[PDB]
Amino acid sequence: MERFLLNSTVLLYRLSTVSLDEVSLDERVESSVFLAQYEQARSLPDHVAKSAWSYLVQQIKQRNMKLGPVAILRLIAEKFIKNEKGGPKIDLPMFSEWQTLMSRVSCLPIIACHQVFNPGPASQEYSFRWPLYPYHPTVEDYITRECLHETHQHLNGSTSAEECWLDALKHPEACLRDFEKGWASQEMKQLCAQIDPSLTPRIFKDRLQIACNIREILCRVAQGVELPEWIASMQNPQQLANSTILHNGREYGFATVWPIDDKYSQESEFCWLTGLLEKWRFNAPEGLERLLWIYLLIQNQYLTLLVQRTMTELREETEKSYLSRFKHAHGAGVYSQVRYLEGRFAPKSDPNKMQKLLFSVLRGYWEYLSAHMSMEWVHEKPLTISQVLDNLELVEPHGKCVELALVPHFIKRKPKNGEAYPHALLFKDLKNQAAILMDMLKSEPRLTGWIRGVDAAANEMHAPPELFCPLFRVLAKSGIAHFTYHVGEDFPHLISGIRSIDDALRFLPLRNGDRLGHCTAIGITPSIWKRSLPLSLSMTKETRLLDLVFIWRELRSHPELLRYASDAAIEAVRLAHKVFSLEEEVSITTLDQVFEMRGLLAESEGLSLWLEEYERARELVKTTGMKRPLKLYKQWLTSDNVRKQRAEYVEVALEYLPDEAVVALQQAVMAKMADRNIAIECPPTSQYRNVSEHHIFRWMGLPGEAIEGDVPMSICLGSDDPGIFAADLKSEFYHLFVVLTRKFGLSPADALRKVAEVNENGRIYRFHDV
Amino acid sequence: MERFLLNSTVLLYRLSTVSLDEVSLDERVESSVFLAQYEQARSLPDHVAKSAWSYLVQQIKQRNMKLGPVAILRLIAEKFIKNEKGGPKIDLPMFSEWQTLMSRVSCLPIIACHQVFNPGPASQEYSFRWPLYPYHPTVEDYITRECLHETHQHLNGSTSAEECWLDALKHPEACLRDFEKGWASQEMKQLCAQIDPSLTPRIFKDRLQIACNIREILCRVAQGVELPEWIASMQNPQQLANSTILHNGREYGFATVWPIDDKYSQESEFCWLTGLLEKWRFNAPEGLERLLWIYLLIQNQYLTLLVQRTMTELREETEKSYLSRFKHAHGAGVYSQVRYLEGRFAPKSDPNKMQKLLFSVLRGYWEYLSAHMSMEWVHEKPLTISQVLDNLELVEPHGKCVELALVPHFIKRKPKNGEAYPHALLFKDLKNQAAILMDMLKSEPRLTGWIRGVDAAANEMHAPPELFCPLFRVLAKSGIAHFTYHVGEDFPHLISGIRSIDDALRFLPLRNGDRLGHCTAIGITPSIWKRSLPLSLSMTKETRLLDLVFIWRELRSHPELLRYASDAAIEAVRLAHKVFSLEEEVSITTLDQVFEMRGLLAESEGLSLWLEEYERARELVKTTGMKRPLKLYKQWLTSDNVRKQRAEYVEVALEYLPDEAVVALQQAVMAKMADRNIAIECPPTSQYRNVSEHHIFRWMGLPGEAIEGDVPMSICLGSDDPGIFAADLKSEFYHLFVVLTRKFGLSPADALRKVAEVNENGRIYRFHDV
Amino acid sequence: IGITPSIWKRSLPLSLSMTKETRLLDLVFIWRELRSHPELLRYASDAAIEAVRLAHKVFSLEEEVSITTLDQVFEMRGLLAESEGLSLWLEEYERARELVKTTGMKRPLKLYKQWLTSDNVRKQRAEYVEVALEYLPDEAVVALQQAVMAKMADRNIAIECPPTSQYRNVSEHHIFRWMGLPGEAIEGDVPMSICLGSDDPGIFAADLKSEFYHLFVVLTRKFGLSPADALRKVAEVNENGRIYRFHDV
Ligand SMILES: [Zn+2]
Ligand SMILES: [Zn+2]
């Protein structure tokens, strides 16, 4: 429960609102804790909270200390972090729980408290490194031998959330600008209201600047410098909502001097916090400790809102952040811990911005390499992308350092109210971006060795994959090997997700060894897919009809489900009749022929490198006996009536199909996949009670999770956990190892090689040049 | 999904605040629904809600309604309720969803709308009856042939919460007094914040008066009488927060003539709502539907508060509520659906109030019996308890009507800061009440024929059973037959609840055929008992030590857990040494002999009907070798440091014992159950996702639910669901029936019998006189 | 749903003549059932084909009609003729309004009207066609039959059984096969809530008590059940009489 006292919206209000000399807020802190649990962990049975709080307070009073940041952090550090071998580490049994706490709290304060109150041997000068980790010699030797391989880094640009808070403190105005530009959006209305009811942009700025001011003041006291006299005027936290304080007539600026150049550096934060805590080892002023309360609380609230969520992204268009990611990916040892890194990046609409971003990333990689290996760099200070390449070709794949592969994102937005065919404007945008990419490759053909493969991300329902097939094929002929597309992550229905996955398979120009993405649909079981959700699910008519045709096709060969297959046939015919407003009798067969054309470009022939696909409809139209498919698909694309019908909603009864049938669909899907030799990135991520049910294990063949009709699926790794701070690929590696060893009782060797197949598959299906 | 539109606190806030002429609040209601769903059902993944509301609005626009309570109740009634055989009945597969809905909403409006818009045959004049039930010929034939058994009804006095609402409107000031006296105590503050952050007694009175005024105004429209003028002045809902409205200098009242004398009756509500809906069949004024909306909301929210929760009970001290209870318990047939009723009521500490309550209950019962049967009644208008007994002495156990059994409660409060021994003052209050009880019994020996047994209710941790043993023995000698004690309901640890149950067995004077209560500790499995609980659970030191003693005692003979038993012994020795401040060596044997003395009365010898348990310690003191036992027990009861360290808080691992070992302790307890012929009352109720997980099934032996060593133990039924409105014993009967037949596929006969053995256990262990 | 095919063809001619509608609906039903059983899909396909042919005759159809469409035709046999295609009566007068709105039902509705009205169609309905006595196997019969008892249990509908042509002896009585008697019950059977009826066509002075005795004696002697066994079995149906009594409660 401790992480309440560090992450609490109501406590944040109360502490920020009460005066600094109030004292004796124990009851209200406790009540705020109970409200926080009621909001967050509703399931706790109303008495565990009171008991655990009686404890927490009891331990505090035993240790003769005050309810404080230092108190809670001390308890947490003592409970979790141990110093072993090298640096602080996380106990193997407690690692998962520590991750759960990470899902709510920042670890820098905890780490500083650990160092100050129980430092390890005074022989290894420790430098801050996030996140903290457990130790297993087998795992360590394995990583030393083979290193790790990143393929899914797209959660928040390419960095952890923690440094973004410091970036905010560095450009508070930029973050307010982004906050506001988006405050006009609907979705974030609900996001912000549900995280913090009365969040609002003015209070956004107020909390940000208050945090800046508290950091400054606490830094002054940590350095132990004179407690400036306007502190006396400082009485109410709301005073920290302004850039200057008024003591008597004068407006005093809080700005001050810090030893380090990068005043917003994580290292600066850490040194500051260590100094403060060591000053505060025996006792603390109440005003300042409450200040640190609100400081940590605002940190955490900001970090959540960010994680549960373009210009705060643009500011990362320098060769500083990329160097940072690269240095972090490289360990503290001479050899980098990750062997092969996939660098995923959002394309822009302007050639200037793409060339800027590309030069930034390329240069940063060059400096990362130069900082580790010495040689004649030709252009010692490269200024152009061509110069950077000139520098880079000289590198050989020894493996001392990481190997970079660059993948642009394809962001799928919702269709708009008015357009010739669905997603037409989005298609135009993507065509613009892709053409620019192609032209940059034209200009610098050597870029084919660094820009390898394109991913298709953002919310799936906003666009079906068939929209991207012409894009992917044109890019391929441009020289883009390898492709990726997010499938199966979220869906109106599990059958819908499975159908979407097969659509991608059968339509996308995916070759041997390509990689799809989460594909959670074919991993999640129908036992654990419906546990708190309504018995029926409303969804779009188009989605329903496509899924019904999918059920048809997949179950046509299954003797045990032919009843369901006939039902799918009948109901798909009826839905087609309604959506297309049909009066003639239309066969499931011709529906199927219509639906197999979904990969065709809208504007091909029914509506340089684009000529092939522009004519791709020509041989189809040449096929005489496909009249009805042509006209029906043209109606599907253009007809206003058909489009409104497609948008229409209607229920699916949950138990439309037996879970056995769902599993059969899944298994047909894995069969087709494995036939085509495609891999599945699986990052650890809503409905799972604990990680133990993660479908990764079913894909991994664990007894008690795997199903009889199952296959291997070439799972690969990816460091993208939506609801955590300061996560890493090796963090996920350790997560999987510990869960295997503990919950499944596998011996350390067993867990090691279990995870190792997925890791080495990461290398195997790397897109990087060979 | 619809639950959120009919109960939403934040929705209530803003709709009540906005002007009645605001209009076009669709997006507003959307935000309200998303917030309410987030706060209540957190698990739903953020998009199913969007789809569900999309289809809701699709329905509303297609069928051409306005987003409003009318359309909502219409969709509900269509989706749930139907006319079959006699009156409306709930579709069987939908009963679980409907009772879930009743967990948050009331059915009066829904049933009104159903009757209004799809009435059955216009020949069975439809007198409202609550709640609404399903139809199964086997079920109805069984209830007719046999009839049912109420054994456990202590939730809201003995009434369903919905009637408490019209009670509040009858005496709103009384509800205000009850609210405020209690609003000063913390736990209600935590609750008020958790349910309604800004609840307060102020807005409490405000919302109550608003509700009454809405009732009046919409009565004006329903009777279709002239739409009085001050409606024009009425522009904001808050204007309804006052008893009068100021139009132009004049303050106009809200009250009127209503057709029925009892203006606060559920039947009045029903006929009224029917009239309102009939009038509003095709359309209605926007502001008026909004007023109805707010009425319904407030209705739901305060009903929620009430259920989850003195003078509101005191006002129920007339022979009216109890007559109503009896009539409700009896169906609409000549024969009563229940045969045997158990009437549980609090024993008051004033003899006058106690005899008042008792004459009230007796007179209500007699009048009911008169209302259904004819003979000479002797005192046609009885006045005294003696007179009503004279009347009732002529009644015979034919079975036409209900047979009542009266049980005083014992509400056990937390121990206070200062007292000679723990819970001493509570013991004194109970002794006062029991003295009063035996006084009235002495005065009227006949009362033994209606007061059959006493129950120990209230929060378990507030007091342990052993202190009641002298009380129960004294009462038994006075002439009270059968006893009850709530066990297993709430606990800090599962083993601790198990130990509590054993202690009750081995200390309370329980006899053959007695009953305990919920005993959920013994039904909940270790597997599904730890789903969101912290990896470590936290207890009082005294509880921890007693559990250690229990574990070792019970596992002494288990060869497979001897390790665990030996541990428990060791840590028990350690804890006893620290607690008793023991310098010498205390054997776990000695601790056994100490803790077996717990049933001893505190003020007997180590500190007429009472003389026996005053001298009971004489035999033990005569016992020579028990020196050390007695002195340690005295230390335990009295030593201030000892009571302090008892109150202090010690932690224990969640997985302190293996799941199997916990079940083994459970099985020792099941064996004791069967051996002593003690029944267990199992009503339907926090950790269960769906009702199918209910431990009731574990006892009923459902394959895959019964554990290997399971033992039948005379489970009995109880109509007490903490989180539902207008619950009934027959209702939960249907619930169990449907659950068996569907989630386990059992045939109607199988489910009928499987519930029937429990029902008939009810008969077998009636407390009623023979 | 009682008589087993084994004892259904004991003196029957090897072919049976019946009306064309009966034949067509039979084929349609056979398909509707046998779509799902892996062991009878051949028969289901045969029925679909032949039903298509027979409908092409009965409707004199010139276009092509799918068995799905035939089903959509014959699913609407519950519609009132003069509802919309030919106070309390209102609701069923207008019920066809929703369907006629249904756009995809064009061909079904027109076919239904043809069937109800067309004189040529009605003449063809009255026409007769032969069917082989073993048109389908006993196993197929019993599969259909067990599906029927499945829906029986699903809808909680009872069967009102009196005692009565082909049966040589009362021991051959179908009542027993419902009653689950070993050697009389069939594997894929389900319980179906039988109730009694005192209606014997070919006797005088017969009563429910008389039938009770008859059943008890036959159970006891021909099947050797103990008195308790036979009494319990007979009761089952007897008190099922209570259970599904129409009498008001
Ligand atoms: Zn992804
Ligand atoms: Zn209870």
# chains A, B, ... in the order shown; residues from 1 in each chain; ligands from 1
$ residues_around --residues "residue B:46" --least-positions-apart "5" --cutoff "10 Å" --atoms "only C-alpha atoms" --output "number ranges by chain"
A: 190-191; B: 34, 37-38, 51
$ write_last_selection --atoms "N, CA, C and O atoms" --output "PDB file, in the first residue's frame"
ATOM      1  N   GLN A 190     -11.641  12.253 -21.033  1.00  0.00           N
ATOM      2  CA  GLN A 190     -11.897  11.124 -20.154  1.00  0.00           C
ATOM      3  C   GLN A 190     -10.616  10.645 -19.492  1.00  0.00           C
ATOM      4  O   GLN A 190     -10.615  10.326 -18.301  1.00  0.00           O
ATOM      5  N   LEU A 191      -9.512  10.585 -20.237  1.00  0.00           N
ATOM      6  CA  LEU A 191      -8.270  10.131 -19.614  1.00  0.00           C
ATOM      7  C   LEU A 191      -7.945  10.956 -18.375  1.00  0.00           C
ATOM      8  O   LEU A 191      -7.737  10.409 -17.282  1.00  0.00           O
TER       9      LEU A 191
ATOM     10  N   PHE B  34     -19.079   7.432 -18.872  1.00  0.00           N
ATOM     11  CA  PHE B  34     -17.706   6.944 -18.853  1.00  0.00           C
ATOM     12  C   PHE B  34     -17.082   7.091 -17.470  1.00  0.00           C
ATOM     13  O   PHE B  34     -16.410   6.174 -16.985  1.00  0.00           O
ATOM     14  N   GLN B  37     -18.833   4.392 -15.093  1.00  0.00           N
ATOM     15  CA  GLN B  37     -18.328   3.062 -15.393  1.00  0.00           C
ATOM     16  C   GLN B  37     -16.882   2.903 -14.951  1.00  0.00           C
ATOM     17  O   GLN B  37     -16.516   1.865 -14.391  1.00  0.00           O
ATOM     18  N   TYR B  38     -16.049   3.920 -15.158  1.00  0.00           N
ATOM     19  CA  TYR B  38     -14.672   3.812 -14.700  1.00  0.00           C
ATOM     20  C   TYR B  38     -14.617   3.620 -13.194  1.00  0.00           C
ATOM     21  O   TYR B  38     -13.864   2.779 -12.691  1.00  0.00           O
ATOM     22  N   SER B  51     -18.343   1.249 -27.497  1.00  0.00           N
ATOM     23  CA  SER B  51     -19.202   0.493 -28.400  1.00  0.00           C
ATOM     24  C   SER B  51     -20.599   0.327 -27.819  1.00  0.00           C
ATOM     25  O   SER B  51     -21.604   0.473 -28.530  1.00  0.00           O
TER      26      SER B  51
END
$ residues_near_ligand --ligand "ligand 1" --cutoff "12 Å" --atoms "only C-alpha atoms and all ligand atoms" --output "PyMOL selection string"
chain A and resi 151-156+344+409-411+455-460+484-490+515-520+680-685+717-722
$ residues_around --residues "stretch 225-238 of chain A" --least-positions-apart "3" --cutoff "9 Å" --atoms "only C-alpha atoms" --output "PyMOL selection string"
chain A and resi 15-21+206+210+217+220-222+241-242+245-248+252+287+291+294
$ interface_residues --of "chain C" --to "chain B" --cutoff "10 Å" --atoms "only C-alpha atoms" --output "list in words"
residues 153, 156, 191, 240, 242, 243, 244, 245, 246, 248 and 249 of chain C
$ select_by_dssp --residues "stretch 94-227 of chain C" --states "strand (DSSP E or B)" --output "ChimeraX atom specification"
/C:128-132,159-161,194-196
$ residues_around --residues "residue C:123" --least-positions-apart "2" --cutoff "12 Å" --atoms "only C-alpha atoms" --output "ChimeraX atom specification"
/C:19-21,57-60,115-121,125-128
$ atom_distance --atom1 "atom CA of residue C:5" --atom2 "atom CA of residue C:138"
6.1 Å
$ interface_residues --of "chain B" --to "chain A" --cutoff "9 Å" --atoms "only C-alpha atoms" --output "ChimeraX atom specification"
/B:1,31,34-35,38-45,47-48,51-55,58,97,189-191,193-194,490-492,531-535,537-540,648-651,686-687,689-690
$ residues_around --residues "residue A:758" --least-positions-apart "3" --cutoff "10 Å" --atoms "only C-alpha atoms" --output "list in words"
residues 149, 679, 680, 681, 682, 700, 713, 714, 715, 716, 717, 733, 753, 754, 755, 761, 762, 763 and 764 of chain A
$ write_last_selection --atoms "N, CA and C atoms" --output "PDB file, in the first residue's frame"
ATOM      1  N   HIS A 149      18.254  -8.549 -27.587  1.00  0.00           N
ATOM      2  CA  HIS A 149      17.839  -8.087 -28.906  1.00  0.00           C
ATOM      3  C   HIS A 149      16.477  -7.411 -28.819  1.00  0.00           C
ATOM      4  N   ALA A 679       7.080 -14.255 -37.300  1.00  0.00           N
ATOM      5  CA  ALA A 679       7.273 -14.183 -35.860  1.00  0.00           C
ATOM      6  C   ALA A 679       6.317 -13.190 -35.217  1.00  0.00           C
ATOM      7  N   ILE A 680       6.259 -13.259 -33.890  1.00  0.00           N
ATOM      8  CA  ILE A 680       5.303 -12.497 -33.099  1.00  0.00           C
ATOM      9  C   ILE A 680       6.068 -11.817 -31.976  1.00  0.00           C
ATOM     10  N   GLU A 681       6.170 -10.493 -32.032  1.00  0.00           N
ATOM     11  CA  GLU A 681       6.727  -9.730 -30.919  1.00  0.00           C
ATOM     12  C   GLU A 681       5.741  -9.784 -29.760  1.00  0.00           C
ATOM     13  N   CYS A 682       6.238 -10.097 -28.568  1.00  0.00           N
ATOM     14  CA  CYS A 682       5.393 -10.257 -27.386  1.00  0.00           C
ATOM     15  C   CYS A 682       5.946  -9.452 -26.219  1.00  0.00           C
ATOM     16  N   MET A 700       4.509 -20.368 -25.428  1.00  0.00           N
ATOM     17  CA  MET A 700       5.780 -20.977 -25.084  1.00  0.00           C
ATOM     18  C   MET A 700       5.641 -22.451 -24.737  1.00  0.00           C
ATOM     19  N   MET A 713       5.290 -20.855 -32.243  1.00  0.00           N
ATOM     20  CA  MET A 713       4.922 -19.654 -32.985  1.00  0.00           C
ATOM     21  C   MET A 713       6.031 -18.625 -33.170  1.00  0.00           C
ATOM     22  N   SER A 714       7.289 -18.949 -32.886  1.00  0.00           N
ATOM     23  CA  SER A 714       8.383 -18.017 -33.146  1.00  0.00           C
ATOM     24  C   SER A 714       8.093 -16.663 -32.491  1.00  0.00           C
ATOM     25  N   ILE A 715       8.080 -16.702 -31.169  1.00  0.00           N
ATOM     26  CA  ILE A 715       7.863 -15.498 -30.383  1.00  0.00           C
ATOM     27  C   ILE A 715       9.186 -14.767 -30.231  1.00  0.00           C
ATOM     28  N   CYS A 716       9.143 -13.456 -30.398  1.00  0.00           N
ATOM     29  CA  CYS A 716      10.286 -12.580 -30.229  1.00  0.00           C
ATOM     30  C   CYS A 716       9.973 -11.570 -29.137  1.00  0.00           C
ATOM     31  N   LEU A 717      11.018 -10.916 -28.649  1.00  0.00           N
ATOM     32  CA  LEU A 717      10.901 -10.060 -27.481  1.00  0.00           C
ATOM     33  C   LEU A 717      10.770  -8.595 -27.875  1.00  0.00           C
ATOM     34  N   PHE A 733      13.325  -9.634 -19.734  1.00  0.00           N
ATOM     35  CA  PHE A 733      14.027 -10.909 -19.681  1.00  0.00           C
ATOM     36  C   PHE A 733      14.013 -11.460 -18.266  1.00  0.00           C
ATOM     37  N   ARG A 753      16.784 -21.434 -20.782  1.00  0.00           N
ATOM     38  CA  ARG A 753      16.710 -21.740 -22.203  1.00  0.00           C
ATOM     39  C   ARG A 753      15.308 -21.466 -22.723  1.00  0.00           C
ATOM     40  N   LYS A 754      14.276 -21.598 -21.868  1.00  0.00           N
ATOM     41  CA  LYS A 754      12.942 -21.180 -22.295  1.00  0.00           C
ATOM     42  C   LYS A 754      12.954 -19.757 -22.818  1.00  0.00           C
ATOM     43  N   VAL A 755      13.492 -18.828 -22.037  1.00  0.00           N
ATOM     44  CA  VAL A 755      13.527 -17.447 -22.491  1.00  0.00           C
ATOM     45  C   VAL A 755      14.491 -17.311 -23.662  1.00  0.00           C
ATOM     46  N   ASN A 761      15.601 -16.106 -31.195  1.00  0.00           N
ATOM     47  CA  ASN A 761      14.680 -15.817 -32.280  1.00  0.00           C
ATOM     48  C   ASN A 761      14.700 -14.338 -32.615  1.00  0.00           C
ATOM     49  N   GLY A 762      14.861 -13.494 -31.600  1.00  0.00           N
ATOM     50  CA  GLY A 762      14.995 -12.074 -31.866  1.00  0.00           C
ATOM     51  C   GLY A 762      16.144 -11.780 -32.809  1.00  0.00           C
ATOM     52  N   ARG A 763      17.310 -12.368 -32.542  1.00  0.00           N
ATOM     53  CA  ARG A 763      18.424 -12.244 -33.473  1.00  0.00           C
ATOM     54  C   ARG A 763      18.067 -12.832 -34.826  1.00  0.00           C
ATOM     55  N   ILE A 764      17.498 -14.034 -34.820  1.00  0.00           N
ATOM     56  CA  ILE A 764      17.265 -14.773 -36.054  1.00  0.00           C
ATOM     57  C   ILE A 764      16.399 -13.957 -36.998  1.00  0.00           C
TER      58      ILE A 764
END
$ residues_around --residues "residue A:553" --least-positions-apart "4" --cutoff "12 Å" --atoms "only C-alpha atoms" --output "CSV table (one decimal) with N, CA and C atoms, in the first residue's frame"
chain,number,residue,atom,x,y,z
A,499,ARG,N,-9.6,-12.8,-37.0
A,499,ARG,CA,-9.9,-12.6,-38.4
A,499,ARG,C,-8.9,-11.5,-38.9
A,502,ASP,N,-5.5,-13.0,-39.6
A,502,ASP,CA,-5.4,-13.8,-40.8
A,502,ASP,C,-5.6,-12.9,-42.1
A,503,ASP,N,-6.4,-11.8,-42.0
A,503,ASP,CA,-6.4,-10.8,-43.1
A,503,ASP,C,-5.0,-10.3,-43.4
A,546,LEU,N,-17.2,-9.5,-42.0
A,546,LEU,CA,-15.9,-10.1,-42.3
A,546,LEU,C,-15.5,-11.2,-41.4
A,547,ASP,N,-15.9,-11.1,-40.1
A,547,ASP,CA,-15.6,-12.2,-39.2
A,547,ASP,C,-16.4,-13.4,-39.4
A,548,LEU,N,-17.7,-13.2,-39.9
A,548,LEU,CA,-18.5,-14.4,-40.2
A,548,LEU,C,-18.0,-15.1,-41.4
A,549,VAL,N,-17.5,-14.4,-42.4
A,549,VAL,CA,-16.9,-15.0,-43.6
A,549,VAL,C,-15.6,-15.7,-43.1
A,557,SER,N,-13.6,-26.8,-43.0
A,557,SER,CA,-12.9,-28.1,-43.0
A,557,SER,C,-13.1,-28.9,-41.7
A,558,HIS,N,-13.8,-28.3,-40.7
A,558,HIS,CA,-13.9,-28.9,-39.4
A,558,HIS,C,-15.2,-29.7,-39.2
A,561,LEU,N,-17.7,-28.7,-36.1
A,561,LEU,CA,-18.2,-27.3,-36.0
A,561,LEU,C,-19.0,-26.9,-37.2
A,562,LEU,N,-19.4,-27.9,-38.0
A,562,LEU,CA,-20.1,-27.5,-39.3
A,562,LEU,C,-21.4,-26.8,-39.0
A,564,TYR,N,-21.9,-24.6,-36.6
A,564,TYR,CA,-21.5,-23.2,-36.5
A,564,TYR,C,-21.1,-22.6,-37.9
A,565,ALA,N,-20.5,-23.4,-38.7
A,565,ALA,CA,-20.1,-22.9,-40.1
A,565,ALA,C,-21.3,-22.5,-40.9
A,566,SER,N,-22.3,-23.4,-40.9
A,566,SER,CA,-23.5,-23.1,-41.6
A,566,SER,C,-24.2,-21.9,-41.0
A,568,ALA,N,-22.7,-19.3,-39.6
A,568,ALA,CA,-22.0,-18.2,-40.1
A,568,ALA,C,-22.4,-17.9,-41.5
A,569,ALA,N,-22.5,-18.9,-42.4
A,569,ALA,CA,-22.9,-18.7,-43.7
A,569,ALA,C,-24.2,-18.0,-43.8
A,572,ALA,N,-24.1,-14.4,-42.4
A,572,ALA,CA,-23.3,-13.5,-43.2
A,572,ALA,C,-24.1,-13.1,-44.5
A,588,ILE,N,-22.6,-17.0,-50.5
A,588,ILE,CA,-21.5,-16.9,-49.7
A,588,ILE,C,-20.2,-16.9,-50.5
A,589,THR,N,-20.2,-17.7,-51.6
A,589,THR,CA,-19.1,-17.8,-52.5
A,589,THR,C,-18.7,-16.4,-53.1
A,591,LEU,N,-19.7,-13.5,-51.9
A,591,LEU,CA,-19.2,-12.7,-50.8
A,591,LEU,C,-17.7,-12.9,-50.6
A,592,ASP,N,-17.3,-14.2,-50.6
A,592,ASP,CA,-15.9,-14.5,-50.4
A,592,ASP,C,-15.0,-13.9,-51.5
A,593,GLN,N,-15.4,-14.0,-52.7
A,593,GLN,CA,-14.7,-13.4,-53.8
A,593,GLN,C,-14.5,-11.9,-53.6
A,595,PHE,N,-14.6,-10.3,-50.8
A,595,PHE,CA,-13.7,-10.0,-49.6
A,595,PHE,C,-12.2,-10.4,-49.9
A,596,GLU,N,-12.0,-11.3,-50.8
A,596,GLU,CA,-10.6,-11.5,-51.2
A,596,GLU,C,-9.9,-10.4,-51.9
A,665,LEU,N,-10.1,-21.9,-34.3
A,665,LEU,CA,-9.7,-20.7,-35.1
A,665,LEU,C,-8.3,-20.3,-34.9
A,668,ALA,N,-5.8,-22.9,-36.4
A,668,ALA,CA,-5.7,-22.7,-37.8
A,668,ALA,C,-4.8,-21.5,-38.1
A,669,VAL,N,-4.9,-20.4,-37.3
A,669,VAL,CA,-4.1,-19.2,-37.5
A,669,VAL,C,-2.6,-19.5,-37.3
$ select_by_dssp --residues "stretch 141-241 of chain B" --states "alpha helix (DSSP H)" --output "ChimeraX atom specification"
/B:141-146,161-170,172-183,186-195,201-223,230-233
$ residues_around --residues "stretch 231-238 of chain C" --least-positions-apart "3" --cutoff "12 Å" --atoms "only C-alpha atoms" --output "PyMOL selection string"
(chain B and resi 749) or (chain C and resi 158-162+175-176+178-181+191-198+208-209+211-220+225-228+241-245)
$ atom_distance --atom1 "atom CA of residue B:731" --atom2 "atom CA of residue B:147"
13.1 Å
$ atom_distance --atom1 "atom CA of residue B:465" --atom2 "atom CA of residue B:590"
21.6 Å
$ closest_residue --among "B:445, B:559, B:134, B:157" --to "ligand 2" --atoms "only C-alpha atoms and all ligand atoms"
B:157
